[PDB]
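Residue numbers (the working numbering), protein chains in the order written: chain F, 50 to 54; chain W, 50 to 54; chain Z, 242 to 477; chain E, 242 to 477.
Here is the structure we will look at.
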Amino acid sequence: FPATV
Amino acid sequence: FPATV
Amino acid sequence: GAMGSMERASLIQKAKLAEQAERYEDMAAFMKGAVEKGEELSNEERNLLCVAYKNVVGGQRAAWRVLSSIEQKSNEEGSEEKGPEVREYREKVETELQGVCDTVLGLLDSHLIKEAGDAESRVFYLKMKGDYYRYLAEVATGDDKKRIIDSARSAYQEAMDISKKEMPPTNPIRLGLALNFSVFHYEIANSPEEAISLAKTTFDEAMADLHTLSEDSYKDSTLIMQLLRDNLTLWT
Amino acid sequence: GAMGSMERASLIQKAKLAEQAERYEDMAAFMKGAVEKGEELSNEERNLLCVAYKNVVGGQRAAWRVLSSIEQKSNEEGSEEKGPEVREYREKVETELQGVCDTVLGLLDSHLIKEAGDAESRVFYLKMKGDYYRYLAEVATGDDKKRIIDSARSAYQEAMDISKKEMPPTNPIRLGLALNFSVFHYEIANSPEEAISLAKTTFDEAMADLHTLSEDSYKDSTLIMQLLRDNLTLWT
Ligand SMILES: *SCCCNC(=O)C(C)(C)Oc1ccc(Cl)cc1
Ligand SMILES: *SCCCNC(=O)C(C)(C)Oc1ccc(Cl)cc1
Ligand SMILES: [Mg+2]
Ligand SMILES: [Mg+2]
Ligand SMILES: [Mg+2]
Ligand SMILES: [Mg+2]
Numbered sequence: 050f051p052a053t054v
Numbered sequence: 050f051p052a053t054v
Numbered sequence: 242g243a244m245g246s247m248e249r250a251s252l253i254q255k256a257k258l259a260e261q262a263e264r265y266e267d268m269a270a271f272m273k274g275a276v277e278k279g280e281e282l283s284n285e286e287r288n289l290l291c292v293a294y295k296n297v298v299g300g301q302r303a304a305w306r307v308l309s310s311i312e313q314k315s316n317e318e319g320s321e322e323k324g325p326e327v328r329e330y331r332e333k334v335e336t337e338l339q340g341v342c343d344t345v346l347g348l349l350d351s352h353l354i355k356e357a358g359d360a361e362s363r364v365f366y367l368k369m370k371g372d373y374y375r376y377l378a379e380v381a382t383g384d385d386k387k388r389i390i391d392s393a394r395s396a397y398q399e400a401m402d403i404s405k406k407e408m409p410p411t412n413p414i415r416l417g418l419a420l421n422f423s424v425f426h427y428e429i430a431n432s433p434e435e436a437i438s439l440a441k442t443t444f445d446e447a448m449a450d451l452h453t454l455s456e457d458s459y460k461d462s463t464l465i466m467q468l469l470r471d472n473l474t475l476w477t
Numbered sequence: 242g243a244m245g246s247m248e249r250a251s252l253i254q255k256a257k258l259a260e261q262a263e264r265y266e267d268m269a270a271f272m273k274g275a276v277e278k279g280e281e282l283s284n285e286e287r288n289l290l291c292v293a294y295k296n297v298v299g300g301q302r303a304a305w306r307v308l309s310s311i312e313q314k315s316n317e318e319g320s321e322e323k324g325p326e327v328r329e330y331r332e333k334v335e336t337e338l339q340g341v342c343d344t345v346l347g348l349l350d351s352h353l354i355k356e357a358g359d360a361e362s363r364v365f366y367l368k369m370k371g372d373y374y375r376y377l378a379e380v381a382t383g384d385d386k387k388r389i390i391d392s393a394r395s396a397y398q399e400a401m402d403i404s405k406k407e408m409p410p411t412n413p414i415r416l417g418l419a420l421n422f423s424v425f426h427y428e429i430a431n432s433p434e435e436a437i438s439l440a441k442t443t444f445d446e447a448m449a450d451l452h453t454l455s456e457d458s459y460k461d462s463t464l465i466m467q468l469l470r471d472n473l474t475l476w477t
């Protein structure tokens, strides 16, 4: 999965 | 802590 | 609410203890109680609210993905019929996840967003609204899936508009909003080109503003810039 | 009970799904429902019950230790008074932990142990009874603390007596029982010499029996023997 914050 | 199972 | 009898300051103190103990469900319950006192949240309190629910819903999403993958394989050709249990349990986790998202969205709508006037609070809450609609979109399959996706888009877009007018390009909230909206484009809206363009433009505009920052602010901004770069590397 | 309407086999299937999804609270609830069907548990089902509650109570114990350490420091000289919140929250986690232990002990008493006639089941359940009384002893401070400790000791001792008569020295249940009873001596009963003697004698007697085992049984036994060695290294 791609990075999220 | 010591090992337990 | 079960936290109605506890002091606001005690709820915040216990949220911090719960974080130290990695008890994120407790942390979220304490922060929900704090929000329901009706006062606006400080920067630190907004961070506690965010961290608590991010960890709770993150665990639910990870579990949902495991179960969805098992369910997908059970429906492939040559698989043995194992009964309704996989679907039932995936639905159970999904319903709990939706409950958490609805709770967060309810706190934002009653009444965090409407009282948030400074960019730092308003952008933060609108980003959160986009995030939790995005998590609802990840599991949605029904008549309202397009409306759920558009609710996420609309919240992110309002946050983006405010952040471009009111925050420097290195502001960590602006950066994290762009990171997440870019992921929304890639993973939810079937718009990988928009995702890539947003990540690249955000990164480049932040790069050009780093020279204005202290060492500590530089560290904060470059951390999120590296996440933008990580996604760009994944996508190109 | 909320699982009363679900088939026994469906509860077991969902416990396995919950394990894959790292949803150990769900896993424990499913296995509690399975136990409450009233039938004896197979070896695999006993393992699922054990894994589920071990993970739940393990997380509670880790959180309790974090909070207890914070509470300890708050009571040292020169510390600022921060109010009742640390004690309250430690007590909240402690009460939930005790609830889990009471639930496990209740399943063992109604009626897993009394129907367990083979050594593999009976030793396993008596070990579990000792373990969950040990977890109660870790947090106990009151009038009944000595009785809680003695309840753990008594369960472990009955399990030990059966395991020496009925199981080979390499049996993984016998080994894990000895490992845990040794930890009980060291950490609960203030008996480090007994802890060390038990660990060493268990290890040596298992070593002498490894020659009888297949490659797969050897792997199972030596894994637990290494834990005995790890504790001996920690303690000497
Ligand atoms: S839930 C709050 C996120 C925890 N903090 C972070 O992940 C980092 C350190 C990247 O900081 C931010 C800052 C601002 C936002 Cl909107 C998100 C994360
Ligand atoms: S809760 C069951 C423990 C999970 N398995 C283990 O930790 C190992 C692989 C060490 O196996 C055993 C076998 C027998 C017992 Cl009583 C405990 C652990
Ligand atoms: Mg007041
Ligand atoms: Mg559904
Ligand atoms: Mg029947
Ligand atoms: Mg107590």
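Think of the CB as a built atom: it goes at the ideal place given N, C-alpha and C, for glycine as much as any other residue.
So that I know if they touch, is there some Cβ in chain B lying closer than 8 Å to that of residue i?
i, result
"E:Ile-465", "Considering every chain present, this structure includes no chain B. Its protein chains are F, W, Z and E."
Taking 8 Å as the CB-CB cut-off, is residue i touching chain W?
i, result
"E:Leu-308", "no"
"E:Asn-421", "yes"
"residue 211 of chain E", "Nothing in the structure corresponds to residue 211 of chain E, since chain E is present only between 242 and 477."
"E:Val-297", "no"
"E:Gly-300", "no"
8 Å is my cut-off, CB to CB: does residue i come that close to chain Z?
i, result
"E:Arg-264", "yes"
In whole angstroms, what is the alpha-carbon distance linking residue i and residue j?
i, j, result
"Z:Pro-409", "Z:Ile-403", "11 Å"
"E:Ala-436", "W:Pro-51", "11 Å"
"Z:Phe-425", "Z:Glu-286", "26 Å"
"E:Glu-434", "E:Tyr-427", "8 Å"
"E:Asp-350", "E:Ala-250", "23 Å"
"E:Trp-476", "E:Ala-430", "15 Å"
"Z:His-452", "Z:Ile-354", "32 Å"
"E:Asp-391", "E:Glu-318", "35 Å"
"residue 481 of chain E", "E:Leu-377", "What is shown of chain E runs 242 to 477, which leaves residue 481 of chain E out entirely."
Measuring alpha carbon to alpha carbon, tell me which residue in the options is nearest residue i.
i, options, result
"E:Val-341", "E:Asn-316, E:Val-297, E:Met-244", "E:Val-297"
"E:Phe-365", "E:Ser-458, E:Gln-301, E:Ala-262, E:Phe-422", "E:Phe-422"
"E:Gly-245", "E:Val-276, E:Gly-300, E:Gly-371, E:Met-369", "E:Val-276"
"Z:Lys-323", "E:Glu-456, E:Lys-278, E:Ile-253", "E:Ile-253"
"Z:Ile-389", "Z:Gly-274, Z:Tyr-373, Z:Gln-398, Z:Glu-280", "Z:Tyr-373"
"Z:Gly-274", "Z:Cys-291, Z:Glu-356, Z:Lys-295, Z:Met-247", "Z:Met-247"
"E:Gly-279", "E:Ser-309, E:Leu-258, E:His-352", "E:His-352"
"Z:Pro-413", "Z:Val-307, Z:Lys-386, Z:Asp-457", "Z:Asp-457"
"E:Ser-310", "E:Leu-282, E:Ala-447, E:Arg-331", "E:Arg-331"
Spatial neighbours of residue i within its chain, please: CB distance less than 6 Å, with the 5 preceding and 5 following residues excluded, ordered by chain position.
i, result
"Z:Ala-360", "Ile-403, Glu-407, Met-408"
"E:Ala-256", "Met-268, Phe-271, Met-272, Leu-289"
"E:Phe-444", "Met-466, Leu-469"
Are residue i and residue j close, meaning C-beta to C-beta below 8 Å?
i, j, result
"Z:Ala-440", "Z:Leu-473", "yes"
"E:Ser-362", "E:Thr-411", "no"
"E:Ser-315", "E:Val-327", "yes"
"residue 222 of chain Z", "Z:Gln-301", "Since the first residue shown for chain Z is 242 and the last is 477, residue 222 of chain Z is missing from the structure and cannot be characterised."
"E:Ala-304", "Z:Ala-262", "yes"
"Z:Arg-415", "Z:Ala-393", "no"
"Z:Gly-358", "Z:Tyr-397", "no"
"Z:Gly-417", "Z:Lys-368", "yes"
By Cβ distance below 7 Å, which residues in the same chain neighbour residue i in space, the five residues on each side in sequence not counted?
i, result
"Z:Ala-293", "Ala-256, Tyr-265, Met-268, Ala-269, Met-272"
"E:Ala-400", "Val-364, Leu-367, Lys-368, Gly-371, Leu-418"
Against chain F, does residue i count as a neighbour if the rule is that its beta carbon must be under 8 Å from one of theirs?
i, result
"Z:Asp-471", "yes"
"Z:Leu-353", "no"
"Z:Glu-428", "yes"
"Z:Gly-371", "no"
"Z:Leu-439", "no"
"Z:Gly-358", "no"
Please return the same chain residues whose Cβ sits closer than 8 Å to the Cβ of residue i, not counting the five positions on each side in sequence.
i, result
"Z:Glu-329", "none"
"E:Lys-386", "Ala-378"
For residue i and chain E, any beta-carbon pair shorter than 8 Å?
i, result
"Z:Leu-290", "no"
"Z:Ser-315", "no"
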